[PDB]
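Coordinates as given in protein28.tsv (TSV, C-alpha atoms):
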```
chain	number	residue	atom	x	y	z
A	1	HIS	CA	89.36	90.83	106.89
A	2	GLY	CA	89.52	93.50	109.59
A	3	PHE	CA	90.72	97.08	109.10
A	4	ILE	CA	92.32	100.14	110.68
A	5	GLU	CA	89.64	102.67	111.58
A	6	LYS	CA	91.86	105.50	112.89
A	7	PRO	CA	93.92	107.78	112.69
A	8	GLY	CA	91.92	109.02	109.71
A	9	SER	CA	89.97	107.11	107.07
A	10	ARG	CA	92.11	106.03	104.12
A	11	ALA	CA	88.93	105.70	102.04
A	12	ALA	CA	88.70	109.51	101.81
A	13	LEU	CA	92.10	109.46	100.07
A	14	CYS	CA	91.11	106.48	97.92
A	15	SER	CA	88.23	108.17	96.11
A	16	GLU	CA	89.03	109.80	92.76
A	17	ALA	CA	87.26	112.87	94.17
A	18	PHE	CA	90.60	113.60	95.91
A	19	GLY	CA	92.25	114.49	92.58
A	20	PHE	CA	91.22	112.15	89.70
A	21	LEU	CA	94.35	112.88	87.64
A	22	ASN	CA	96.10	111.91	90.87
A	23	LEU	CA	94.87	109.08	93.11
A	24	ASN	CA	96.76	106.45	95.15
A	25	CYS	CA	94.67	103.47	96.27
A	26	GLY	CA	94.58	100.32	94.09
A	27	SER	CA	93.17	96.89	94.99
A	28	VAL	CA	95.61	96.42	97.89
A	29	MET	CA	93.32	98.68	99.95
A	30	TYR	CA	90.99	95.79	100.83
A	31	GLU	CA	93.25	93.98	103.33
A	32	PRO	CA	96.45	95.82	104.36
A	33	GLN	CA	95.69	95.15	108.03
A	34	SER	CA	94.58	91.57	107.46
A	35	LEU	CA	97.22	89.93	105.33
A	36	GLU	CA	96.56	86.24	105.87
A	37	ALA	CA	99.47	83.97	106.86
A	38	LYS	CA	99.50	80.18	107.11
A	39	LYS	CA	101.61	77.59	108.94
A	40	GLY	CA	103.83	75.52	106.65
A	41	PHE	CA	103.54	75.47	102.87
A	42	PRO	CA	102.40	77.03	100.56
A	43	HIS	CA	103.72	80.46	101.55
A	44	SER	CA	101.62	82.06	98.77
A	45	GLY	CA	102.24	85.63	100.01
A	46	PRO	CA	105.56	87.50	100.54
A	47	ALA	CA	108.70	86.01	102.08
A	48	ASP	CA	107.91	85.50	105.77
A	49	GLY	CA	108.39	82.78	108.39
A	50	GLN	CA	112.07	83.62	107.91
A	51	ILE	CA	112.76	86.06	110.75
A	52	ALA	CA	115.49	83.86	112.29
A	53	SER	CA	117.34	83.56	108.97
A	54	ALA	CA	116.46	87.20	108.20
A	55	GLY	CA	115.28	86.15	104.73
A	56	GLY	CA	112.08	88.01	105.46
A	57	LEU	CA	113.76	90.91	107.26
A	58	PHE	CA	116.16	91.71	104.42
A	59	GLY	CA	113.28	90.99	102.05
A	60	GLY	CA	111.51	94.01	103.54
A	61	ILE	CA	113.97	96.21	101.66
A	62	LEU	CA	112.70	94.71	98.40
A	63	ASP	CA	109.09	94.89	99.58
A	64	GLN	CA	109.54	98.67	99.58
A	65	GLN	CA	109.98	98.22	95.80
A	66	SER	CA	107.24	95.62	95.37
A	67	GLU	CA	104.19	95.71	93.10
A	68	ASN	CA	102.18	94.81	96.22
A	69	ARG	CA	103.79	97.62	98.26
A	70	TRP	CA	101.06	99.48	100.12
A	71	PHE	CA	100.35	103.20	99.90
A	72	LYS	CA	102.45	104.82	102.65
A	73	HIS	CA	100.70	107.40	104.82
A	74	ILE	CA	102.29	110.56	106.22
A	75	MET	CA	101.59	111.55	109.84
A	76	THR	CA	102.96	114.59	111.69
A	77	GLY	CA	104.40	114.68	115.21
A	78	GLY	CA	102.61	114.74	118.55
A	79	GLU	CA	100.47	112.05	120.17
A	80	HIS	CA	98.19	110.01	117.91
A	81	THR	CA	95.62	107.31	118.59
A	82	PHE	CA	95.29	104.10	116.56
A	83	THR	CA	92.04	102.12	116.48
A	84	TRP	CA	91.59	98.74	114.78
A	85	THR	CA	88.43	96.66	114.41
A	86	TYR	CA	87.82	93.13	113.16
A	87	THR	CA	84.93	91.77	111.07
A	88	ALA	CA	85.75	88.22	112.16
A	89	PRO	CA	83.65	86.71	114.99
A	90	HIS	CA	86.61	84.42	115.73
A	91	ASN	CA	88.51	84.71	119.01
A	92	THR	CA	91.85	86.54	119.34
A	93	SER	CA	94.61	85.31	121.67
A	94	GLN	CA	97.21	88.07	121.29
A	95	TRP	CA	98.30	90.91	119.01
A	96	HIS	CA	101.56	92.88	118.95
A	97	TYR	CA	103.43	95.38	116.78
A	98	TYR	CA	106.92	96.79	116.10
A	99	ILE	CA	108.46	99.58	114.00
A	100	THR	CA	111.69	99.66	111.99
A	101	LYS	CA	114.59	102.07	112.60
A	102	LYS	CA	116.84	102.89	109.64
A	103	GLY	CA	120.40	103.80	110.69
A	104	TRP	CA	121.61	100.69	112.54
A	105	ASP	CA	125.31	100.51	113.39
A	106	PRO	CA	127.17	97.87	111.36
A	107	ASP	CA	128.70	96.59	114.62
A	108	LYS	CA	125.26	95.70	115.96
A	109	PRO	CA	123.34	92.62	114.81
A	110	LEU	CA	121.07	93.89	112.01
A	111	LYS	CA	118.57	91.05	112.60
A	112	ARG	CA	117.79	92.66	115.97
A	113	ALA	CA	118.71	96.28	115.30
A	114	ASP	CA	116.29	96.69	112.38
A	115	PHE	CA	113.07	96.80	114.45
A	116	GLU	CA	111.89	97.63	117.99
A	117	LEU	CA	108.80	96.61	120.00
A	118	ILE	CA	106.39	99.48	120.67
A	119	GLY	CA	103.46	97.44	121.98
A	120	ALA	CA	102.14	94.00	122.79
A	121	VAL	CA	98.54	93.38	123.82
A	122	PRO	CA	97.53	89.89	124.95
A	123	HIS	CA	93.85	89.00	125.24
A	124	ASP	CA	92.99	88.16	128.81
A	125	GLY	CA	90.10	89.89	130.56
A	126	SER	CA	88.80	93.01	132.35
A	127	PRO	CA	88.21	96.23	130.42
A	128	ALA	CA	91.97	96.73	130.24
A	129	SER	CA	92.45	93.93	127.67
A	130	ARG	CA	89.24	95.05	125.94
A	131	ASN	CA	91.11	98.15	124.74
A	132	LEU	CA	91.70	97.74	121.00
A	133	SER	CA	92.61	101.42	120.72
A	134	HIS	CA	96.10	102.60	121.73
A	135	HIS	CA	98.12	105.84	121.90
A	136	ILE	CA	101.50	106.18	120.15
A	137	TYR	CA	103.68	109.32	120.21
A	138	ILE	CA	105.14	110.46	116.88
A	139	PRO	CA	108.35	112.54	117.07
A	140	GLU	CA	108.01	116.28	116.59
A	141	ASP	CA	111.73	116.70	115.82
A	142	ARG	CA	112.40	114.01	113.17
A	143	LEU	CA	111.33	112.89	109.72
A	144	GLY	CA	111.47	109.53	107.94
A	145	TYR	CA	109.59	106.42	106.90
A	146	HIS	CA	109.17	103.35	109.09
A	147	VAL	CA	107.65	99.95	108.45
A	148	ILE	CA	105.21	98.73	111.09
A	149	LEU	CA	105.46	94.97	111.58
A	150	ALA	CA	102.26	93.64	113.14
A	151	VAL	CA	100.83	90.25	114.09
A	152	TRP	CA	97.21	89.42	115.01
A	153	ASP	CA	96.81	85.91	116.43
A	154	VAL	CA	93.44	84.13	116.00
A	155	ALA	CA	92.84	81.58	118.77
A	156	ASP	CA	90.29	79.58	116.75
A	157	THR	CA	92.92	78.27	114.31
A	158	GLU	CA	96.68	77.62	114.00
A	159	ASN	CA	96.75	80.37	111.36
A	160	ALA	CA	97.25	84.07	112.04
A	161	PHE	CA	97.56	87.45	110.35
A	162	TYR	CA	101.07	88.82	109.75
A	163	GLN	CA	101.28	92.22	108.04
A	164	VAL	CA	103.70	95.05	107.27
A	165	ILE	CA	102.55	98.66	106.80
A	166	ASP	CA	104.62	101.67	105.66
A	167	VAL	CA	104.16	104.95	107.51
A	168	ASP	CA	106.03	108.21	107.05
A	169	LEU	CA	106.52	110.03	110.32
A	170	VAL	CA	107.44	113.70	110.13
A	171	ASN	CA	107.83	116.80	112.30
A	172	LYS	CA	105.10	119.38	113.02
```

Show how you would write the structure in this file as structure tokens.
Amino acid sequence: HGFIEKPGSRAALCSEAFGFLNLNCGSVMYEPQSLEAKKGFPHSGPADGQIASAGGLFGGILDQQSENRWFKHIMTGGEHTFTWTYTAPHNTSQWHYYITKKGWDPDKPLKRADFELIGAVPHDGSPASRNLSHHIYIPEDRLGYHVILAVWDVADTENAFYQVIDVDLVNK
């Protein structure tokens, strides 16, 4: 299982030294970046593989009320840099990520209007593709939570990692 290194270490907020009477970590902290997905059955994890039927997309509303729901992290506006690293020696073919926008028009197809692509990084060559770290701007004028949909494709198998991560993006 790989993990997100930056922005900021979630482990510092996991320790009971951050409040004791108040802490927010749980066992889900071990693999929120590397939720394992599998072709076919059994599904075993949450409702996914159902993007076309939107069973998984509309299920994301219920996932925000799930026992397995991850601990959302607040970030303020301005530019921020995300860095991920993997503990797996297995090859990676491609990885890409999206964010959700609440407030879709009812006239527009919700299946599309719910999320937007903010980055796709195939694995090819040169030091350009070697860049695991990427810059994302966070709005300085708006507040609200977003779900990051992310996929990490492992070339050494037909199986891949599909994960969803709540972030709360606020003004300065």

List every residue of segment 28-96 of chain A that has an atom at most 8 Å from any atom of segment 148-171 of chain A, and for each one report the closest atom pair and its distance in Å to one decimal, counting all atoms listed in the file, with rows sorted by chain and then by increasing residue number, as a Markdown table.
```
| residue | atom | partner | partner_atom | distance |
| --- | --- | --- | --- | --- |
| A:32 | CA | A:163 | CA | 7.1 |
| A:33 | CA | A:163 | CA | 6.3 |
| A:34 | CA | A:161 | CA | 5.8 |
| A:35 | CA | A:163 | CA | 5.4 |
| A:36 | CA | A:161 | CA | 4.7 |
| A:37 | CA | A:161 | CA | 5.3 |
| A:38 | CA | A:159 | CA | 5.1 |
| A:39 | CA | A:159 | CA | 6.1 |
| A:70 | CA | A:165 | CA | 6.9 |
| A:71 | CA | A:166 | CA | 7.3 |
| A:72 | CA | A:166 | CA | 4.9 |
| A:73 | CA | A:167 | CA | 5.0 |
| A:74 | CA | A:168 | CA | 4.5 |
| A:75 | CA | A:169 | CA | 5.2 |
| A:76 | CA | A:170 | CA | 4.8 |
| A:77 | CA | A:171 | CA | 5.0 |
| A:90 | CA | A:156 | CA | 6.2 |
| A:91 | CA | A:155 | CA | 5.3 |
| A:92 | CA | A:154 | CA | 4.4 |
| A:93 | CA | A:155 | CA | 5.0 |
| A:94 | CA | A:153 | CA | 5.3 |
| A:95 | CA | A:152 | CA | 4.4 |
| A:96 | CA | A:151 | CA | 5.6 |
```

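Closest approach to residue 46 of chain A from the set A:59, A:127, A:109, A:26 is made by A:59, with distances taken over only C-alpha atoms.
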
| request: Skip segment 134-141 of chain A itself and residues of its chain fewer than 3 positions away, then list as a list in words all residues within 6 Å of it, counting only C-alpha atoms. | output: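 In the requested form, the answer reads residues 77, 78, 79, 80, 81, 82, 171 and 172 of chain A.
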
- Task: Tell me, in Å to one decimal, how far atom CA of residue 42 of chain A is from atom CA of residue 98 of chain A.
- Result: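 Rounded to one decimal, the two atoms are 25.5 Å apart.
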
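Atom CA of residue 111 of chain A lies 7.9 Å from atom CA of residue 51 of chain A.
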
Which residue is closest to residue 3 of chain A? Choose from A:121, A:47, A:29, A:57 and count all atoms listed in the file.
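Checking each of A:121, A:47, A:29, A:57 against residue 3 of chain A, counting all atoms listed in the file, the winner is A:29.
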
When distances are computed from all atoms listed in the file, which of A:52, A:31, A:41, A:17 shows the smallest separation from residue 86 of chain A?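 Distance minimum relative to residue 86 of chain A lands on A:31.
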
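Among the candidates A:97, A:25, A:68, A:83, the residue lying nearest to residue 13 of chain A is A:25 (atoms considered: all atoms listed in the file).
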
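With all atoms listed in the file as the atoms that count, the minimum distance from residue 101 of chain A to the choices A:128, A:4, A:143, A:21 is reached by A:143.
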
Please list, as a ChimeraX atom specification, the residues that have an atom at most 9 Å away from (100.7, 94.6, 92.3) in the coordinates of this file, counting all atoms listed in the file. /A:26-28,66-69

Kindly list the centre and edge lengths in Å, rounded to one decimal, for the axis-aligned box that covers all listed atoms of segment 11-14 of chain A plus 3 Å on each of its six sides, as JSON.
```
{"center_x": 90.4, "center_y": 107.6, "center_z": 100.0, "size_x": 9.4, "size_y": 9.8, "size_z": 10.1}
```

note - atom CA of residue 1 of chain A and atom CA of residue 45 of chain A are separated by 15.5 Å

Which polymer residues, protein or nucleic acid, are no farther than 12 Å from (120.8, 104.5, 111.1), counting only C-alpha atoms, as a PyMOL selection string? chain A and resi 100-108+110+113-115+144+146
